[PDB]
Amino acid sequence: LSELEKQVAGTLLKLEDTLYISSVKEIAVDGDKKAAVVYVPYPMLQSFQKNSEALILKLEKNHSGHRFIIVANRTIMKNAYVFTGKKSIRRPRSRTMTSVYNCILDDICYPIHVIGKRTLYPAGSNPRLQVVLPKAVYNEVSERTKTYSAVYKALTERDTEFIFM
Amino acid sequence: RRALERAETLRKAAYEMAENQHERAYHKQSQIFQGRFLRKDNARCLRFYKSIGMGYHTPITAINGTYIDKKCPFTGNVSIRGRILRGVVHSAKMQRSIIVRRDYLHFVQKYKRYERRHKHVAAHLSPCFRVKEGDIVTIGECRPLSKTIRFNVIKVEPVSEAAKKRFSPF
Amino acid sequence: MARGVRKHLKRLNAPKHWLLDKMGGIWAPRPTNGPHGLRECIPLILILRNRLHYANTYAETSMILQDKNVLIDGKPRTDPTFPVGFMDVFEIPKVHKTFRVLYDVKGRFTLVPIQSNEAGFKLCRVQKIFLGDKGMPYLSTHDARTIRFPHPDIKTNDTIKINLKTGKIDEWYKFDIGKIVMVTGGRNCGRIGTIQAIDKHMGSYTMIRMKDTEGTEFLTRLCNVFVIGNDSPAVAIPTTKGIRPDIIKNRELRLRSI
Amino acid sequence: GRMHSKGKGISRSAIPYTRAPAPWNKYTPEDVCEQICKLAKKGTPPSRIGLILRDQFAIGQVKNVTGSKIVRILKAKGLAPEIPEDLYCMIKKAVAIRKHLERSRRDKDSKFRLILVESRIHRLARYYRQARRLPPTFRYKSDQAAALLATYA
Amino acid sequence: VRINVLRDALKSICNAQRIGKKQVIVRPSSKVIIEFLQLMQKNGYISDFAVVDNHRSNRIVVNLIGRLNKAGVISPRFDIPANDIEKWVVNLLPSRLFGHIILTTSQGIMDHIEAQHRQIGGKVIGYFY
RNA sequence: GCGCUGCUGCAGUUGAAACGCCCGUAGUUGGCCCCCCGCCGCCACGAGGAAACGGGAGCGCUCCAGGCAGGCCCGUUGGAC
Ligand SMILES: [Mg+2]
Ligand SMILES: [Mg+2]
Ligand SMILES: [Mg+2]
């Protein structure tokens, strides 16, 4: 129940000539441009991912003022086992904190595959992570690395920086 | 109706149990007065059971059972008092008894290291439990029941036959 | 194994809090059975010879007692080894000295001088309720006293007020959170404080958490917690309000006294 | 070659960092899913199945596509064998050694190899008996090995 | 077989420093190694390091700047009473002025000075100076 | 003394000392990973339970080995821990 969903859904209906989204979150960057995330339901992520690049481009052209990102919504449980007193319940490994963050990272920029991750530990600076991307693509995603870092920090408290190799 | 069905199974047992002529004497539960079984109506309770306490629960088998055991803690005339411990089953060849293995650790100061030790402890197993080797049992202290027995089982978790033996302090 | 009970008591084996000199001799007084036990009592002779100093030897105590010069709970006693315990009444009319036996902070016996207004009663702890002959209810106390037909409202661990002349209950203070208590066992003997919490472990002891008047907190088991009133002591107590000082303060006080 | 020998080489395979499929992939997991059945229906071991898929169908890794391994698929389809393949091949080698030995009984290297193979078989069988992948009653015996080979194959 | 990753890492680091190199590689990337290196970095012995992911026991790279003389582990983790630390200090380190002994406690990985301040003890991991 | 019994903390090519080799059960030892749930060990605090001895606060038996005394206007004199 927000204004943005209404016009983005209007655009959605204006694309084809079935699939619905859960919610939307926008976050600003250092520049006046913001980035909007779409919390897609988990099962329909792959169906949205067949040609997500086209959808994001058409949405950007339809409604400017901020970039459109599409991601799934995953839950996190905070206990490996559960002691009901009678039987012990195992938490599946897919619901851990670490798996969700990595999947989020891969989803933020699915069309361009990540070729490596590295975390650096400076002497005093808060430890930070730098990823590695192909040189085949750069100017395609060079202009939108700051937004990627900002959204990663927003969703995950962990920070990051982007490079190419 | 449930009560009527239960009494027949209880009432019926005391019959052929009497026809089991091999037994030297008629085994009976002391609390009950023999004669109630002649009452055609379910006007009196045919079986006796108590609550152990300490947060434990009386198994349904004892309540819906048909056996006689003076040394059982639920249907007998013995009480649980003192220390409650845990262990694993080592042997179960005896009639109504088992051997429980207990694991602990001993510290040697000179070498600043530990040793693994074990002890054998005998317990009385009521007919209300089914136990095999390697299961985990909880035993409660009671008065001397024999030369080497001062404990009775009150709980038992199950285990699988295939399971590499693991040193398990409890 | 001794074939019978024990009638002696080596001085080196005596309780620490009696404060008996190592070189006094091989032997020490052996208390006789009575209101209080061996480790929760003190003989009369020790009070009358090693403290008040009204006697110099065993013989003088013998003469003083057999002349009936001391009253205990309103009753003259003539046994030098009679055991004196907690919350008892000590009277010597010849010199008009009235004392109630309580505990100091350091964990030793003391005499609290009192008045005539409150020497007609004593406080006792109830720790056993049972059915006697014919089924008639009874109760018992820390001083080996039995009362028939108590009020149903009275339960165990409570505290009872009884007149010295007549063993008739006047009032009873319940055992509840928010009540002043006096510790009477172990490391914290003599400390005064108010209850804060009660935690019970099935089949074992029950632990009590109290806070001193100055905010100090301490623990002990329920077997040595005594109630002395509702938020305020019913009886007169020593000069200090049950405050155990630290080693530094005690050393300072000793230096001042020297 | 370490557990029962002295050598120590390091010939292995290094799978890629990225789990995604190829950009020329044109198969949904269903196509691979039924293909496995057809090869399974012909009595093909999983390893040969993987080699066939990789060579003819140009699928380097099945897990990257269907999200699951081959044996898991077979079990879900109720076609997985009762004896794991490695133990079965171990038993085959033991049987072949035993037959060659019954033919002539002056060769000692063969006895040495047989001892080693039986030791390995016993270890692996114990491990599989644990984890409840085999019945507890399962037991390997020299004299009726071929029967358990053929009947369970 | 490989057992104590920390020992191999420390031995490699010391060997590299002995010939005055600047960068090293260490196959294991355990958390305990990470905390050990963090303490070293904060105290000023090794400066910077990075962890290189690969899905198969990530690798780690560290930089050297001299200074460090020795660093080792204690293979069986003893139990150190809060009040029984001076004996180990005297037995292991060259002087009471400098040096750091690593203990793992219920409060996390810390140095013997910090634990002495909090009057608590635990298990010993290693040392360096 | 003795690091000549070596847990801290010995030696094992030539001084005394690596089984001829392999398999293998008890036994000992076991890579990495899940941020909070239960259990074992572990650390800290606490209760409870004898003194003497030992440590230790104070007191000039002429000092001391000792003892728990002693002064006047003594913490309720003290004998704490
Ligand atoms: Mg081997
Ligand atoms: Mg190798
Ligand atoms: Mg030689």
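Residues numbered from 1 in each chain as written, not as in the entry; some residues may be left out. Chains lettered and ligands numbered in written order. Part of a larger assembly, values for the part shown. Heavy atoms only, no water. Residues with missing side-chain atoms left out of burial classes, pairs and counts.

Deposited coordinates in this entry are attributed by the record to cryo-EM, at a stated resolution of 3.14 Å.

What to know about the overall build of chain D
When helices and strands are tallied, chain D shows 7 helices and 0 strands. Moving toward the C terminus, one meets the helices and strands of chain D in the order α-α-α-α-α-α-α. Compactness check: chain D gives a C-alpha radius of gyration of 19 Å against a globular reference of 15 Å for 153 residues, more than 25% above the reference. Over its C-alpha atoms, taken along the principal directions, chain D stretches across nearly 60 × 35 × 30 Å. The buried share among the 153 residues of chain D stands at 24%. (Helix = DSSP H or I, 4+ residues; strand = E, 2+ residues; numbered from the N terminus. Rg over C-alpha atoms; globule rule 2.2 N^0.38 Å. Buried < 20%, exposed > 50% of the residue type's maximum accessible area, 1.4 Å probe, protein only.)

Concerning the protein's contact with RNA strand F
Around RNA strand F, 58 residues are found, and the nearest of them are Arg93 of chain A together with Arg108, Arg187, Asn250 and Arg254 of chain C. Of all RNA strand F atoms lying within 4 Å of any protein atom, the proportion belonging to sugar or phosphate reaches 66%. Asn13 of chain C is positioned with one of its side-chain polar atoms (N or O) 3.1 Å from a base nitrogen of RNA strand F. Secondary structure elements with two or more residues in the surface near RNA strand F: β4 (81-83) and α4 (97-108) of chain A, β3 (113-124) of chain B, β15 (217-221) and α3 (247-257) of chain C together with α6 (108-129) of chain D. (Near = heavy atom within 4 Å. Polar contact = N/O pair within 3.5 Å; in protein donor to acceptor, adjacent residues only side chain to side chain.)

Some thoughts on the environment of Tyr173 of chain C
All names here are of chain C. By the secondary structure assignment, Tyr173 is in strand β11 (residues 169-173). On the basis of relative accessibility, which here comes to 5%, the residue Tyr173 falls in the buried class. Taking C-alpha positions, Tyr173 is 37 Å from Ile248, a pair spaced 75 residues apart along the chain. Beyond its immediate stretch of four places on either side in the chain, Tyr173 contacts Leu123, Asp158, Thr159, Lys161, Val227, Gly229, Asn230 and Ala234. Here the side chain of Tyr173 touches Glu171 through a polar contact of 2.5 Å, side chain to side chain. (Contact = heavy atoms within 4.5 Å.)

Structural notes on the nonpolar core
Counting 45 residues, the largest nonpolar core has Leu44, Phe90 and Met210 of chain C as its most contacted members. Per element, the largest residue contribution to this core is 5 residues, and it comes from helix α1 (residues 44-50) of chain C. Counting 28 residues, the second-largest nonpolar core is a separate cluster that includes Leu6, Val51, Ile60 and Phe128 of chain E. (Core = buried A, V, L, I, M, F, W, Y, C linked by side-chain atoms within 4.5 Å.)

Concerning the domain arrangement of chain D
For chain D, the domain assignment lists domain 1 (26-80) and domain 2 (81-151). On a C-alpha basis, the centroid separation for the pair domain 1 of chain D and domain 2 of chain D is 28 Å. (Domains from an automatic or database assignment.)

Examining the interface of chain B and chain D
Each partner contributes to the interface: chain B provides 4 residues, whereas chain D provides 4 residues. When the two sides are added together, the surface that chain B and chain D hide from each other amounts to roughly 340 Å², 59% of it contributed by carbon and sulfur. Here chain B is connected to chain D by 0 salt bridges. Linking chain B to chain D there are 0 residue pairs in polar contact. (Buried area = accessible area lost by both parts, 1.4 Å probe. Salt bridge = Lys/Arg side-chain N within 4 Å of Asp/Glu carboxyl O.)

Considering the domain arrangement of chain E
Residue and element names in this part refer to chain E. Along its sequence, chain E is organised into domain 1 (1-68) and domain 2 (69-129). Placing a centre on the C-alpha atoms of domain 1 and another on those of domain 2 gives a separation of 20 Å. Between domain 1 and domain 2, the contact holds 14 residues from the first and 16 residues from the second. It is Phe36, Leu39 and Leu68 that lose the most area in domain 1 upon contact with domain 2, and together they represent 36% of the buried surface on that side. Linking domain 1 with domain 2 are 0 salt bridges, by the criterion used here. Applying the counting rule to domain 1 against domain 2 returns 2 residue pairs in polar contact.

A short note on the arrangement of the chains
Ranked by contact count, the leading pair among the 6 pairs of chains in contact consists of chains A and E. Taking C-alpha atoms only, the smallest gap left between chain C and chain E, which are not in contact, amounts to 20 Å.

Brief notes about the environment of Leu105 of chain B
Along the polypeptide, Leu105 of chain B turns up in strand β2 (residues 97-108). Every residue in contact with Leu105 of chain B, bar those within four places of it in the chain, is listed here: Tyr114, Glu115, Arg116 and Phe167 of chain B.

Side note on the side chain of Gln130 of chain D
Among the structural elements, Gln130 of chain D can be located in the loop between α6 and α7 (145-152). Taking the relative accessible area as the measure of exposure, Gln130 of chain D reaches 18% and is therefore buried. Residues contacting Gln130 of chain D, with those up to four places away along its chain left out, are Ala162 and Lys164 of chain B.

Describing a nonpolar patch on the surface
A cluster of nonpolar side chains, namely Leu105, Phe107 and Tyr114 of chain B, defines an oily patch on the protein surface of about 320 Å² accessible area. By relative accessible area, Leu105 of chain B is classed as partly exposed at 47%. (Patch = residues over 30% accessible without salt bridge, like charges linked within 9 Å, V, L, I, M, F, W, Y side chains within 5 Å. Areas by Shrake-Rupley, 256 points an atom, 1.4 Å probe, with all protein chains shown as cover.)

So, the packing of aromatic side chains
Summed over all chains, the structure comprises 14 aromatic pairs over all chains. Centroid distance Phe107 of chain B to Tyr114 of chain B: 5.0 Å. Interplanar angle 65 degrees. Geometry classified as edge-to-face. The exposure class assigned to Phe107 of chain B is partly exposed, which follows from its relative accessible area of 37%. Classification of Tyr114 of chain B as exposed rests on a relative accessible area of 51%. Ring geometry for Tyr103 of chain C versus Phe109 of chain C: centroids 4.8 Å apart, planes at 25 degrees, classification stacked. Under the relative-accessibility criterion, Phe109 of chain C is labelled buried at 11%. The structure contains a cluster of three or more aromatic residues connected by ring pairs, namely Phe86, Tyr103, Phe109 and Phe226 of chain C. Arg116 of chain B extends its terminal NZ or CZ atom over the ring of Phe167 of chain B, reaching a point 5.3 Å from the ring centre. When the ring centre of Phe121 of chain C is taken as reference, the NZ or CZ atom of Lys161 of chain C above it lies at 4.6 Å. (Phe/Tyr/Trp six-rings, centres within 6.5 Å; stacked < 30°, edge-to-face > 60°. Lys NZ or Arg CZ within 6 Å of the ring centre and 35° of its normal.)

Concerning the interface of chain A and chain E
Counting residues at the interface gives 7 residues for chain A and 8 residues for chain E. Together chain A and chain E conceal approximately 670 Å² of surface at their shared face, both sides included; 54% is due to carbon and sulfur atoms. Of all residues in chain A, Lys117, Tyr121 and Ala123 of chain A bury the most surface against chain E, accounting for 66% of the area lost on that side. At the surface where chain A touches chain E, the tally comes to 0 salt bridges. In this structure, the connection of chain A to chain E is made through 4 residue pairs in polar contact. Residues that form the side of chain A that touches chain E fall into these classes: 4 nonpolar, 1 polar and 2 charged. Where strand β6 (residues 116-121) of chain A and strand β2 (residues 49-52) of chain E come together, 4 bridges link them in antiparallel fashion. Paired with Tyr121 of chain A across the bridge in β2 of chain E is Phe49 of chain E. (Nonpolar A, V, L, I, M, F, W, Y, C, P; charged D, E, K, R; others polar. Pairing = 2+ DSSP bridges.)

Re the pairing of strand β3 (residues 59-63) of chain E
All names here are of chain E. Of the two faces of β3, the one holding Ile60 and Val62 is buried and the one holding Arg59, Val61 and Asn63 is not buried anywhere. In the sheet, strand β1 (residues 23-26) pairs with β3 via 4 bridges, with the strands oriented antiparallel. Note that in β3 the partner of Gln23 across the bridge is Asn63. By the bridge criterion, 4 bridges tie β2 to β3 in an arrangement that is antiparallel. From the neighbouring strand, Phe49 faces β3, where its bridge partner is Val62. Once β2 ends, the chain turns through 6 residues before running back antiparallel as β3, passing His55 with a positive phi of about 75 degrees.

Regarding the sheet that holds strand β5 (residues 149-157) of chain B
All names here are of chain B. If you walk around this closed barrel you meet the 5 strands as β1-β2-β3-β5-β4, and the pairing is mixed. Here the strands of the sheet are splayed against their neighbours by 50 degrees on average, with no regard to which way each runs. Summarising the sheet, β2 and β3 pair through 12 bridges and their orientation is antiparallel. Counterpart to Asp103 in the pairing with β3 is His118. (Axes fitted to C-alpha atoms, helices over the stretch in contact; angles between N-to-C directions.)

Section: a positive patch on the surface
A surface patch of positive charge is lined by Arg19, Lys63, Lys69, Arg72, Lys75 and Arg133 of chain D. Relative to the helices and strands, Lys63 of chain D resides in helix α3 (residues 63-66). (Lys, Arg positive; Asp, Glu negative; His and termini not counted. Charge placed at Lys NZ, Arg CZ, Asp CG, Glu CD.)

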